[PDB]
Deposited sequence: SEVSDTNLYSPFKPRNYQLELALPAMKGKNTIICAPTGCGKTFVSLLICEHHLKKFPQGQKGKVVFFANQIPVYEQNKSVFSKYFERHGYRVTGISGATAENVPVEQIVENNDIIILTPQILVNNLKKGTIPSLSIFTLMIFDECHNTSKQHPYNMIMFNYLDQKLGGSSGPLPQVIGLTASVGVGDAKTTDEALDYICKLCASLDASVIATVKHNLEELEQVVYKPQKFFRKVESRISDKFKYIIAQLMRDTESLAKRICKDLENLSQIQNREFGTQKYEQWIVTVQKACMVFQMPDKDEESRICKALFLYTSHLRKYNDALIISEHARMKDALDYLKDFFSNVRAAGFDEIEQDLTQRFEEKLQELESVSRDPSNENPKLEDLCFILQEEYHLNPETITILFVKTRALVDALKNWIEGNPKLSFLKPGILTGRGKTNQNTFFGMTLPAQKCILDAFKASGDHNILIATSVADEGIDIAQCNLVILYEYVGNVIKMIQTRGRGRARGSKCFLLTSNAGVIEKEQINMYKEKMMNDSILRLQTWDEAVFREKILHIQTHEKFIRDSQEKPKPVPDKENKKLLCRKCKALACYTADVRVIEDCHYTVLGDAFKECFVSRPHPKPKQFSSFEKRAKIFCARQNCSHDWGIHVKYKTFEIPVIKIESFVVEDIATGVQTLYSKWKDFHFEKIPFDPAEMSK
């Protein structure tokens, strides 16, 4: 892909120009236009421009590991013939290697930003002056408390409170600078100017002179929005909902306080949030004596899940599909395993089968949205018949529902659906597709194409039109500030930077006063006493452990199938409340400096005042202001 002798399009040269002039630039161009190659050009010119005797140093920031890897590879291959030493550092590297010496012995360093934040903090890397060029990938993240913005806080602290050493050139790559919570074009302009100030950029580089050349290869689908209406009378949903109430009551019979077993609140039937609730409930009940209870509970939650699925299918396909799904499920349950609970469940289902059948086959309960879909399909194909279509639905079951519905629609006899001899690809998640339809879907980021958005929800339409308006404000604002003289703009930016810096330095949180009184840490679920706060030690300023052998007998440990390591310790296992019927998630168990020690999260605990009985809940240790004692190998 990015590995063949790339020959530049004119727009890439145009984009590369201001950066090669030494200007701090935000390069803004669509996804897949070759901003990476542009960055290669800029890096090449930058390194090559130094007179013999001098040498530059370039750091490229990547936010995700895959990007880190792919650009490490690309950069390593591109500057092969040049002789430049190319390396990279990620959380998989450090802390295994001495970073300062790596940065010193290399010319092109690909980094995840948090590495650099860490090494600026610890002072291992003293100044950003060892770099002559910085490249930020996805530079629009340079805002708020993002690592990019921290690095740039270091940069700007060096620039404003002036400091002897030279600052590197800063380059940013993005496809959209964003507008934040802008409602007016002026607020958009202010936001964009703020982003430019955060990156110390004086130029926004967009394609202007070679726009035609760009648009000729950019996926810009014709956006179509179609608001559809849903059924007024749905008795199917009423019935299934009653079944689900029955099942949840049955579940509460074997698990009181099921209502406080998950943190997900105000669940509703036939939603993805309910699905998530099922997931968390099954999670918070892993399958001695408690395992039986959890197995029963598992059966109940499984059936609830099937019911939820069916409700969704009924919402977006036809009742027949939902009932068919349910019938396959219950047939399968009847087949491979007869249990008391299960047979009871299928039995409670079969007492409702006939009424469900009647509501299903009722032609007044048919789904109006499918008519709209059908008509869109007809209209699009009865024009261009060699049309290949991709259709996005929101569940795996809705795929099969839609497919069955298509293959059984006389008005759609010309279609051959698939999940070359396939006209329609129906799917859930993932350019050469000339027809895209988002049939009630939850995202179009990836030679005459259009995109349809079918939904019964008006808020989705609203959201989309809002997004488009924001796009327009963004582009207009960018043109506007591109008109300005660079010096005026630099003055403005400078004083924005001064303002922001002052705000940062002033709004430092005043150091908190700790209540040095000893308090109780109880299990949040079962309320059993886990420990006391005086046995608690802070590790690496952000992590919390408990001392003593007394605590070792208060938690059981289950081995982590994903033993990942960080720049501090290795997550070996997870820990739980040792009461053999609670088993609440308490945190993890780590290997830290050859020590095998527990690390706990305050969100799994209640803080009780000993003298009283006053309890308090904390989600973050940072908000729990008690006497925080440092850890010590003793």
Sequence ranges without modelled C-alpha atoms (deposited numbering): 1 to 6, 294 to 299, 432 to 463, 475 to 479, 492 to 493, 498 to 506, 695 to 698
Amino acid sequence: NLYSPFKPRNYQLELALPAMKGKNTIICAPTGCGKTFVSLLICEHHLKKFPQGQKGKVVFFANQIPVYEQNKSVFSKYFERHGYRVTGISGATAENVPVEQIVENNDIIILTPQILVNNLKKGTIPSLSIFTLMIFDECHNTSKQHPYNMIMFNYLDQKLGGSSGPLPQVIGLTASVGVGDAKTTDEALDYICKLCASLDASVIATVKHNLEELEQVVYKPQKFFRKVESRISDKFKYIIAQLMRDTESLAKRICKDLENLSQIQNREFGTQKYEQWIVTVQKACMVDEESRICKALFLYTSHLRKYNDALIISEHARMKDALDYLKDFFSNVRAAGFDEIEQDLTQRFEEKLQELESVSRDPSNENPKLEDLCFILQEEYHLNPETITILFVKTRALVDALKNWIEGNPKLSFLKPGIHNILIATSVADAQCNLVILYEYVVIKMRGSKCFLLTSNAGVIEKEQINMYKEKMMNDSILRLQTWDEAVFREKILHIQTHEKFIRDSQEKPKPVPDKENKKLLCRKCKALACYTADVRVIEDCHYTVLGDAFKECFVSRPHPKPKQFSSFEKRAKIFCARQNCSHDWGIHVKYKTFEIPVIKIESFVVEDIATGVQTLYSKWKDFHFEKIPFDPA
From here on, numbers count along this sequence of modelled residues.
Name the higher of the two by mean Cα B-factor in the PDB entry, 92 to 100 versus 178 to 186. 92 to 100
Ranked by mean Cα B-factor in the entry, 373 to 381 and 308 to 316, top stretch is 373 to 381
Tell me, please, which of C139, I192, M473, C433 has the highest C-alpha B factor according to the deposited entry? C433
Note to self: of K283, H543, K72, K394, the C-alpha temperature factor tops out at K283
Sort the modelled residues of this chain by their C-alpha B factor and say whether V218 lands in the lowest, middle or highest third. middle
Name the third of the chain's ranked CA B-factors that contains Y155, choosing lowest, middle or highest. lowest
Considering every modelled residue of the chain and its Cα B-factor in the PDB entry, is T36 in the lowest, middle or highest third? middle
CA B-factor placement of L453, once the chain's modelled residues are sorted into thirds: middle
By its CA B factor, does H45 count among the lowest, middle or highest third of the modelled residues in the chain? lowest
